[PDB]
Amino acid sequence: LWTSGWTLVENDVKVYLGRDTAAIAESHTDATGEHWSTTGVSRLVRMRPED
Amino acid sequence: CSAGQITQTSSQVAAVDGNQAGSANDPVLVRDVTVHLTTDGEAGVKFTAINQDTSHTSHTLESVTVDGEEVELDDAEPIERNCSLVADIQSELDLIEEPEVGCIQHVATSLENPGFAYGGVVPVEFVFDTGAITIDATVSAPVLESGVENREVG
Amino acid sequence: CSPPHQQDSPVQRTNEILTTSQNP
Amino acid sequence: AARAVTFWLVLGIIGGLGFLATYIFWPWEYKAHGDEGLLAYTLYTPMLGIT
Amino acid sequence: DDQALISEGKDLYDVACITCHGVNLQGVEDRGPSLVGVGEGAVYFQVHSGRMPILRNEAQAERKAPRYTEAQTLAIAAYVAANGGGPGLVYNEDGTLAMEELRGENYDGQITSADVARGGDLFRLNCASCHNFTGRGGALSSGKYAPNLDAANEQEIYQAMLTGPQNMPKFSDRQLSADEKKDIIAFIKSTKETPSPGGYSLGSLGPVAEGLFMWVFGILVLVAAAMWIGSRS
Amino acid sequence: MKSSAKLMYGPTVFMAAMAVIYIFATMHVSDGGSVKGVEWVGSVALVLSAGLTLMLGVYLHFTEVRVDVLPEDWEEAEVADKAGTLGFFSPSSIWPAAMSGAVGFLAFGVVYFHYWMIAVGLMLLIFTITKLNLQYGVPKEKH
Amino acid sequence: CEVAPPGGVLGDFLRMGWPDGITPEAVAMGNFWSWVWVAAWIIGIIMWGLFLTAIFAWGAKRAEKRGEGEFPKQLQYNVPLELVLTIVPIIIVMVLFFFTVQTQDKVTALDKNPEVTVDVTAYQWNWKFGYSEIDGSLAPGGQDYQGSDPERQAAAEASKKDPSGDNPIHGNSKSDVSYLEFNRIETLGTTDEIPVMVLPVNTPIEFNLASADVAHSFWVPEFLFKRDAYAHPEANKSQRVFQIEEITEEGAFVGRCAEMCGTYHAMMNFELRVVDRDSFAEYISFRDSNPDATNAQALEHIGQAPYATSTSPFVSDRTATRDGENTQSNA
Ligand code: HEC
Ligand code: HEC
Ligand SMILES: *C(=O)CCCCCCCCCCCCCCC
Ligand SMILES: [Mn+2]
């Protein structure tokens, strides 16, 4: 109960503030099936003070 | 209880990125003061000076400075009573007209950026031939064209 | 009946100023 | 009195046969906002409990 | 055109808005704020939805019947936009004010379900806290509330997100990009216009509705059945 | 009930007269403090008002013409002429308050314009008026 | 009424707080008022005296201490007296109605040959004045002056129908404003400034009223007159023009809103300033030549104070007025 993700800062990790994009998996289909993929997808992205 | 002498609506302020200075009593007001720094590089000061002096003294905006940095603002003629001097960077004044009715005057302006930070605040001095105003103002980006700009992975 | 580590800051906010370095 | 009891029994037959008819032959699969037959999908469970 | 539009806007402003916002749109101390720099979007949202003119100060101005036509609204928006710009309206590719085309980023005749699936998560993170899942409304502090999202058209949803009306936060197009806003619109209009499959929605409020329904009228009808079958002596 | 039926013709004649006068006057007369034209609210209002007093006067007269000479309509009646039954009167009823509560629920539903409140209030109202009107007739329990 | 009141302190009591009136028809109404109060005070005095006689003469202890007995004379009817006491009120109110019709017909006439016509617009919550007509004798240049701003009046005229087809009110748009008046010379009131309508002395004037939204009322207590200003006055059959034969004397006169119109109803004041005929010609010439100049500057130009004096704008702050000082001053 003392810790969260932000505790990683005390381990000398750079921790950005990530905003949520809500991006969902993509369905790719072809001659051998259909599959949901998240390979190029990112749920979080860095942000900047001008946003 | 909410219709009292202190109400929620009567307290509210303009949902805009700039600050304001001047009361019901002050002769010359400034509205929506903000240092607009583009994400490309251009910078300037956005504001609207409003003359409401009841002695009918015109006020000429002589100079504007931002954290001691001088502002280039194109030539403006004086602000008579119930006139308004609008100012922004030229790229953003090209997106609106200049009315023939009433008394409004558009003047472009620009700064040489010393390296201001987005999100921060800097002191801005307006100097008129009659007097002066000082006001804190946030550094911000200008607004986008509504509904055209998607974000991308990069 | 109040948290003993939840005081107002004695020092007031000084209206500080920020900047960023740059190539030019 | 006999006619009174017969009435509700006959209507129970109608209700039960309506249930089986609905549960079998009414179209029941999910339809989205743009589809044709969104009405027929939304009235399925209603009809099930009505019958 | 635009100067005739600004003339019409100034004349309407002078007999409807000038007491609370001043002759130079500077604001009057405790009557209304400054309109310098609000944009055409703020005037469109406020006038077209009916929120302006306010006619008594309270905790919150409410949506009511509009006082001005849409053309008159755009005239006033032109005139206000001349006093320092601001965010503007979302026009479509031909030049008409955008409406049903905002129903998702990939709109083409009908709403696509991927847009609804992403806009559901966006709405549930950024909006539902105040407007409840699927936008039925919510109560804020001291007589304030988040309205019901039924009455708003797509342009009004977009300009609400841009302008931050009253106690609503602002969501610039750098915060929520255009596509994320359009997917939020798609989600609002999907849920606002899809009947529940399981019968009557009971207002979609949540458990208090079904509670009241059962724990009053549901037990009442079975008490009536018990009184039909049993004795009152 | 002669005098009661007959005194409803004073206001009937008067209100009809004022109706026709007001109508002609508002359509023909001109003064600098009003625009000429027939004023429809006062027209309809006065003629329907004369209709109300006509309605009561005519019904009460048409009843009076076939009621007997009652002791309360007689100048030298003895107190023992009305001896006997006078009529049935409700001794008690919970349903008036019930009806007021039903109308209250309906009115608050109309205020907020919640549809379920309007439905429930109308249901309550028909129920409570029905129970009022069935009070002195409910069967004995047959068990 | 033609007859003047008694005058002096008796007249001051009789007119019971009414202003003296700055028009001829205000004088007529004030006369009629003072005389009807002579009548009213007679009635009130004699009937209060009867109610005192009841206290001090018709008592039961006074009657018993002089041996009148248990009961009085049980009189109940006196057909002649209860006829006379009914017929006398009738012949009283008939004379009252005669004088009423005389005064009302003089005040309410629309044949006074107006030389200056002002278009008045009320809105929530202030006034807008504009000169519709100024006949030549005092006009700018000498030619009979019409005030309409054709472009702006045409925009208001085109707002009579919605291009998107939402035209529910007898074919017209709900937000129709084609009944409102738009002139070149206008004075527009604000929270910060009282609108001062400048008018000339000894000139017949016409006022043309209307409202932008909600009913208002145009009460100048020095005219002893008010009329309601309505939105769409012709759909309501409300006569929107009234005329005064002259203002007799110059000065600054307050005017107020006298029909409930909402929150700031009590803050909707205007000033009616009355100046010389030639001074008014100068004022209108100045305003017509340089239409960018304001109302205060023209007032200064003809040698009057720039801002209203009979009234002042209110402090808009919702709490600052708490300790008495609710008025904000001007230069
Ligand atoms: C006083 C009675 C008002 C009049 C008349 C008008 N408005 Fe207003 N407005 C008023 C308040 C108190 C507020 C604050 C927010 C709230 O809802 O209470 C506003 C706000 C606006 C806005 C939004 C400004 C922003 O920060 O985004 C706009 C665009 C606006 N008002 C416009 C407007 C117009 C065009 C009016 C005449 C038709 C008008 N308002 C009347 C109070 C009052
Ligand atoms: C609580 C802090 C809110 C959050 C988070 C969001 N909104 Fe909101 N919204 C809120 C309020 C208090 C109001 C009323 C504003 C007013 O001036 O009336 C609103 C209003 C809207 C509207 C307008 C609806 C209408 O009646 O026309 C819309 C369309 C709306 N809000 C949408 C919306 C969305 C999509 C949000 C997430 C991005 C969102 N709001 C956040 C309060 C709050
Ligand atoms: C907040 O300002 C709301 C309005 C406050 C008005 C104050 C005056 C209240 C007077 C007494 C009201 C009694 C109401 C009784 C309710 C049952
Ligand atoms: Mn009135």
# chains A, B, ... in the order shown; residues from 1 in each chain; ligands from 1
$ select_by_dssp --residues "chain B" --states "strand (DSSP E or B)" --output "PyMOL selection string"
chain B and resi 19-21+28-37+43-51+59+61-66+69-73+79+84-88+104-111+121-128+132-140
$ select_by_dssp --residues "chain A" --states "helix (DSSP H, G or I)" --output "list in words"
residues 5, 6, 7, 8, 9, 10 and 11 of chain A
$ write_last_selection --atoms "N, CA, C and O atoms" --output "short mmCIF file (atom, residue, chain, number, x, y, z; two decimals), in the first residue's frame"
data_model
loop_
_atom_site.label_atom_id
_atom_site.label_comp_id
_atom_site.auth_asym_id
_atom_site.auth_seq_id
_atom_site.Cartn_x
_atom_site.Cartn_y
_atom_site.Cartn_z
N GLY A 5 2.97 2.98 -9.34
CA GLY A 5 3.91 3.06 -10.44
C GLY A 5 4.89 4.20 -10.28
O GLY A 5 6.06 4.08 -10.64
N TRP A 6 4.44 5.31 -9.69
CA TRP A 6 5.27 6.50 -9.60
C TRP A 6 6.48 6.28 -8.71
O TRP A 6 7.46 7.01 -8.83
N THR A 7 6.44 5.27 -7.84
CA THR A 7 7.61 4.93 -7.04
C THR A 7 8.82 4.63 -7.91
O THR A 7 9.96 4.79 -7.45
N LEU A 8 8.62 4.20 -9.15
CA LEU A 8 9.74 3.96 -10.05
C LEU A 8 10.62 5.18 -10.23
O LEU A 8 11.80 5.02 -10.56
N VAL A 9 10.09 6.38 -10.02
CA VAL A 9 10.92 7.58 -10.14
C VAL A 9 12.07 7.53 -9.15
O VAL A 9 13.19 7.93 -9.47
N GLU A 10 11.81 7.01 -7.95
CA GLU A 10 12.86 6.91 -6.95
C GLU A 10 13.92 5.87 -7.29
O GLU A 10 14.96 5.84 -6.63
N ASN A 11 13.69 5.01 -8.29
CA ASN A 11 14.70 4.11 -8.82
C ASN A 11 15.48 4.72 -9.99
O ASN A 11 16.16 3.99 -10.71
#
$ closest_residue --among "E:10, E:124, E:103, E:31" --to "ligand 1" --atoms "only C-alpha atoms and all ligand atoms"
E:31
$ residues_around --residues "residue 44 (chain D)" --least-positions-apart "5" --cutoff "10 Å" --atoms "only C-alpha atoms" --output "compact mmCIF listing (two decimals) with N, CA and C atoms, in the first residue's frame"
# COMPACT_ATOMS: atom_id res chain seq x y z
N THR D 22 -42.30 -17.84 -30.67
CA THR D 22 -41.36 -16.73 -30.58
C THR D 22 -39.95 -17.23 -30.34
N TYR D 23 -39.78 -18.12 -29.36
CA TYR D 23 -38.44 -18.58 -29.01
C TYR D 23 -37.76 -19.31 -30.15
N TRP D 26 -38.88 -16.26 -34.09
CA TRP D 26 -38.59 -14.83 -34.08
C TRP D 26 -37.09 -14.62 -34.27
N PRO D 27 -36.66 -13.67 -35.10
CA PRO D 27 -35.22 -13.46 -35.28
C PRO D 27 -34.60 -12.78 -34.07
N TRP D 28 -33.52 -13.38 -33.56
CA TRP D 28 -33.02 -13.08 -32.22
C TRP D 28 -31.58 -12.59 -32.17
N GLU D 29 -30.86 -12.55 -33.28
CA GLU D 29 -29.44 -12.24 -33.24
C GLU D 29 -29.22 -10.72 -33.24
N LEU D 39 -35.60 -3.31 -35.12
CA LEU D 39 -36.84 -3.48 -34.39
C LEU D 39 -37.07 -4.94 -34.03
N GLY D 49 -40.98 -12.58 -22.73
CA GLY D 49 -41.62 -12.42 -21.44
C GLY D 49 -43.10 -12.12 -21.52
N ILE D 50 -43.55 -11.42 -22.57
CA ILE D 50 -44.98 -11.24 -22.79
C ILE D 50 -45.67 -12.59 -22.89
N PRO E 197 -32.17 -3.88 -25.84
CA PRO E 197 -32.77 -5.16 -26.24
C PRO E 197 -33.65 -5.77 -25.16
N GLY E 198 -33.39 -5.49 -23.89
CA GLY E 198 -34.12 -6.12 -22.81
C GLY E 198 -35.34 -5.36 -22.35
N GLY E 199 -36.05 -4.74 -23.27
CA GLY E 199 -37.27 -4.04 -22.93
C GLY E 199 -37.01 -2.62 -22.45
$ residues_near_ligand --ligand "ligand 4" --cutoff "12 Å" --atoms "only C-alpha atoms and all ligand atoms" --output "list in words"
residues 215, 216, 217, 218, 219, 226, 227, 228, 229, 230, 257, 258, 259, 260 and 261 of chain G
$ residues_near_ligand --ligand "ligand 1" --cutoff "7 Å" --atoms "only C-alpha atoms and all ligand atoms" --output "ChimeraX atom specification"
/B:9-10,12-16 /E:13,16-21,31-33,35,38,42-43,46-47,51-57,60-61,76,163-166
$ residues_near_ligand --ligand "ligand 2" --cutoff "9 Å" --atoms "only C-alpha atoms and all ligand atoms" --output "count of residues only"
56
$ atom_distance --atom1 "CA of residue 28 (chain B)" --atom2 "CA of residue 296 (chain G)"
18.0 Å
$ atom_distance --atom1 "CA of residue 60 (chain B)" --atom2 "CA of residue 130 (chain B)"
7.8 Å
$ residues_near_ligand --ligand "ligand 3" --cutoff "7 Å" --atoms "only C-alpha atoms and all ligand atoms" --output "PyMOL selection string"
chain B and resi 1-4
$ write_last_selection --atoms "C-alpha atoms" --output "PDB file, in the first residue's frame"
ATOM      1  CA  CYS B   1     -29.863  30.026  -1.827  1.00  0.00           C
ATOM      2  CA  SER B   2     -28.073  30.051  -5.177  1.00  0.00           C
ATOM      3  CA  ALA B   3     -29.821  33.242  -6.361  1.00  0.00           C
ATOM      4  CA  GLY B   4     -28.098  35.164  -3.578  1.00  0.00           C
TER       5      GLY B   4
END
$ residues_around --residues "residue 30 (chain D)" --least-positions-apart "3" --cutoff "10 Å" --atoms "only C-alpha atoms" --output "short mmCIF file (atom, residue, chain, number, x, y, z; two decimals) with C-alpha atoms, in the first residue's frame"
data_model
loop_
_atom_site.label_atom_id
_atom_site.label_comp_id
_atom_site.auth_asym_id
_atom_site.auth_seq_id
_atom_site.Cartn_x
_atom_site.Cartn_y
_atom_site.Cartn_z
CA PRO D 27 -35.22 -13.46 -35.28
CA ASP D 35 -28.98 -2.47 -39.58
CA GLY D 37 -34.36 -5.38 -38.59
CA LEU D 38 -33.20 -3.56 -35.48
CA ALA D 40 -37.22 -7.24 -34.76
CA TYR D 41 -34.10 -7.73 -32.64
CA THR D 42 -35.15 -5.35 -29.88
CA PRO E 197 -32.77 -5.16 -26.24
#
$ interface_residues --of "chain E" --to "chain A" --cutoff "9 Å" --atoms "only C-alpha atoms" --output "PyMOL selection string"
chain E and resi 114+117-122+125+172-176+180
$ write_last_selection --atoms "C-alpha atoms" --output "JSON list (two decimals), in the first residue's frame"
[["chain", "number", "residue", "atom", "x", "y", "z"],
["E", 114, "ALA", "CA", -15.08, 0.46, -34.14],
["E", 117, "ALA", "CA", -15.92, 1.06, -29.32],
["E", 118, "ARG", "CA", -13.15, 3.67, -29.10],
["E", 119, "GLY", "CA", -15.55, 6.53, -28.35],
["E", 120, "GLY", "CA", -17.05, 4.49, -25.55],
["E", 121, "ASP", "CA", -13.71, 4.30, -23.78],
["E", 122, "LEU", "CA", -12.99, 7.95, -24.50],
["E", 125, "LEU", "CA", -12.73, 8.29, -19.24],
["E", 172, "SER", "CA", -8.89, 21.55, -27.07],
["E", 173, "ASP", "CA", -8.10, 19.81, -30.34],
["E", 174, "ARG", "CA", -4.61, 19.19, -28.99],
["E", 175, "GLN", "CA", -6.04, 17.37, -25.97],
["E", 176, "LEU", "CA", -8.69, 15.32, -27.79],
["E", 180, "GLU", "CA", -11.39, 11.34, -30.90]]
$ atom_distance --atom1 "CA of residue 191 (chain G)" --atom2 "CA of residue 150 (chain G)"
28.3 Å
$ decode --residues "region 72-99 of chain G" --atoms "N, CA and C atoms" --output "PDB file, in the first residue's frame"
ATOM      1  N   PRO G  72     -82.999  49.773  21.119  1.00  0.00           N
ATOM      2  CA  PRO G  72     -83.306  51.010  20.395  1.00  0.00           C
ATOM      3  C   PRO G  72     -84.580  50.893  19.580  1.00  0.00           C
ATOM      4  N   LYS G  73     -84.853  51.897  18.756  1.00  0.00           N
ATOM      5  CA  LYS G  73     -85.965  51.840  17.819  1.00  0.00           C
ATOM      6  C   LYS G  73     -85.625  50.876  16.695  1.00  0.00           C
ATOM      7  N   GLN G  74     -86.401  49.801  16.573  1.00  0.00           N
ATOM      8  CA  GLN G  74     -86.098  48.713  15.645  1.00  0.00           C
ATOM      9  C   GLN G  74     -86.518  49.070  14.221  1.00  0.00           C
ATOM     10  N   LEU G  75     -85.968  50.172  13.724  1.00  0.00           N
ATOM     11  CA  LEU G  75     -86.218  50.587  12.358  1.00  0.00           C
ATOM     12  C   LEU G  75     -85.318  49.806  11.418  1.00  0.00           C
ATOM     13  N   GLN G  76     -85.866  49.437  10.269  1.00  0.00           N
ATOM     14  CA  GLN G  76     -85.184  48.580   9.315  1.00  0.00           C
ATOM     15  C   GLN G  76     -85.282  49.053   7.880  1.00  0.00           C
ATOM     16  N   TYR G  77     -86.295  49.836   7.520  1.00  0.00           N
ATOM     17  CA  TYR G  77     -86.531  50.249   6.149  1.00  0.00           C
ATOM     18  C   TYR G  77     -86.928  51.712   6.105  1.00  0.00           C
ATOM     19  N   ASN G  78     -86.467  52.395   5.057  1.00  0.00           N
ATOM     20  CA  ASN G  78     -86.832  53.778   4.773  1.00  0.00           C
ATOM     21  C   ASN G  78     -86.655  53.944   3.263  1.00  0.00           C
ATOM     22  N   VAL G  79     -87.620  53.403   2.521  1.00  0.00           N
ATOM     23  CA  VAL G  79     -87.579  53.272   1.064  1.00  0.00           C
ATOM     24  C   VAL G  79     -87.163  54.567   0.372  1.00  0.00           C
ATOM     25  N   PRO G  80     -87.676  55.743   0.761  1.00  0.00           N
ATOM     26  CA  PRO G  80     -87.196  56.972   0.106  1.00  0.00           C
ATOM     27  C   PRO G  80     -85.724  57.248   0.336  1.00  0.00           C
ATOM     28  N   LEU G  81     -85.244  57.103   1.568  1.00  0.00           N
ATOM     29  CA  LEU G  81     -83.861  57.456   1.854  1.00  0.00           C
ATOM     30  C   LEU G  81     -82.900  56.457   1.238  1.00  0.00           C
ATOM     31  N   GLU G  82     -83.225  55.167   1.307  1.00  0.00           N
ATOM     32  CA  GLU G  82     -82.384  54.175   0.655  1.00  0.00           C
ATOM     33  C   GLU G  82     -82.557  54.175  -0.857  1.00  0.00           C
ATOM     34  N   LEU G  83     -83.518  54.929  -1.396  1.00  0.00           N
ATOM     35  CA  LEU G  83     -83.487  55.230  -2.823  1.00  0.00           C
ATOM     36  C   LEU G  83     -82.575  56.413  -3.113  1.00  0.00           C
ATOM     37  N   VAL G  84     -82.736  57.498  -2.358  1.00  0.00           N
ATOM     38  CA  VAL G  84     -81.982  58.722  -2.611  1.00  0.00           C
ATOM     39  C   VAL G  84     -80.490  58.477  -2.452  1.00  0.00           C
ATOM     40  N   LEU G  85     -80.101  57.742  -1.415  1.00  0.00           N
ATOM     41  CA  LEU G  85     -78.693  57.476  -1.169  1.00  0.00           C
ATOM     42  C   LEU G  85     -78.072  56.563  -2.214  1.00  0.00           C
ATOM     43  N   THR G  86     -78.879  55.936  -3.068  1.00  0.00           N
ATOM     44  CA  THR G  86     -78.404  55.156  -4.200  1.00  0.00           C
ATOM     45  C   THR G  86     -78.375  55.991  -5.468  1.00  0.00           C
ATOM     46  N   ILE G  87     -79.372  56.858  -5.641  1.00  0.00           N
ATOM     47  CA  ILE G  87     -79.451  57.674  -6.847  1.00  0.00           C
ATOM     48  C   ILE G  87     -78.407  58.782  -6.829  1.00  0.00           C
ATOM     49  N   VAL G  88     -78.061  59.302  -5.655  1.00  0.00           N
ATOM     50  CA  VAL G  88     -77.051  60.361  -5.587  1.00  0.00           C
ATOM     51  C   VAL G  88     -75.684  59.858  -6.039  1.00  0.00           C
ATOM     52  N   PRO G  89     -75.190  58.696  -5.586  1.00  0.00           N
ATOM     53  CA  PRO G  89     -73.947  58.147  -6.158  1.00  0.00           C
ATOM     54  C   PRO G  89     -73.950  57.998  -7.668  1.00  0.00           C
ATOM     55  N   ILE G  90     -75.081  57.624  -8.263  1.00  0.00           N
ATOM     56  CA  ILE G  90     -75.131  57.452  -9.711  1.00  0.00           C
ATOM     57  C   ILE G  90     -74.863  58.782 -10.399  1.00  0.00           C
ATOM     58  N   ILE G  91     -75.572  59.830  -9.976  1.00  0.00           N
ATOM     59  CA  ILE G  91     -75.397  61.132 -10.603  1.00  0.00           C
ATOM     60  C   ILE G  91     -74.061  61.750 -10.231  1.00  0.00           C
ATOM     61  N   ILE G  92     -73.398  61.242  -9.194  1.00  0.00           N
ATOM     62  CA  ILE G  92     -72.026  61.660  -8.916  1.00  0.00           C
ATOM     63  C   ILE G  92     -71.066  61.027  -9.916  1.00  0.00           C
ATOM     64  N   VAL G  93     -71.157  59.708 -10.085  1.00  0.00           N
ATOM     65  CA  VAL G  93     -70.215  59.031 -10.963  1.00  0.00           C
ATOM     66  C   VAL G  93     -70.454  59.389 -12.419  1.00  0.00           C
ATOM     67  N   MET G  94     -71.666  59.800 -12.793  1.00  0.00           N
ATOM     68  CA  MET G  94     -71.884  60.244 -14.167  1.00  0.00           C
ATOM     69  C   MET G  94     -71.121  61.535 -14.465  1.00  0.00           C
ATOM     70  N   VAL G  95     -71.067  62.457 -13.505  1.00  0.00           N
ATOM     71  CA  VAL G  95     -70.309  63.690 -13.700  1.00  0.00           C
ATOM     72  C   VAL G  95     -68.813  63.399 -13.692  1.00  0.00           C
ATOM     73  N   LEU G  96     -68.376  62.533 -12.774  1.00  0.00           N
ATOM     74  CA  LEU G  96     -66.991  62.075 -12.790  1.00  0.00           C
ATOM     75  C   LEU G  96     -66.621  61.476 -14.140  1.00  0.00           C
ATOM     76  N   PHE G  97     -67.514  60.676 -14.720  1.00  0.00           N
ATOM     77  CA  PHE G  97     -67.226  60.049 -16.003  1.00  0.00           C
ATOM     78  C   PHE G  97     -67.176  61.072 -17.125  1.00  0.00           C
ATOM     79  N   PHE G  98     -68.034  62.091 -17.073  1.00  0.00           N
ATOM     80  CA  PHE G  98     -67.965  63.152 -18.071  1.00  0.00           C
ATOM     81  C   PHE G  98     -66.593  63.823 -18.073  1.00  0.00           C
ATOM     82  N   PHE G  99     -66.147  64.293 -16.905  1.00  0.00           N
ATOM     83  CA  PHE G  99     -64.838  64.947 -16.856  1.00  0.00           C
ATOM     84  C   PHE G  99     -63.714  63.980 -17.199  1.00  0.00           C
TER      85      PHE G  99
END
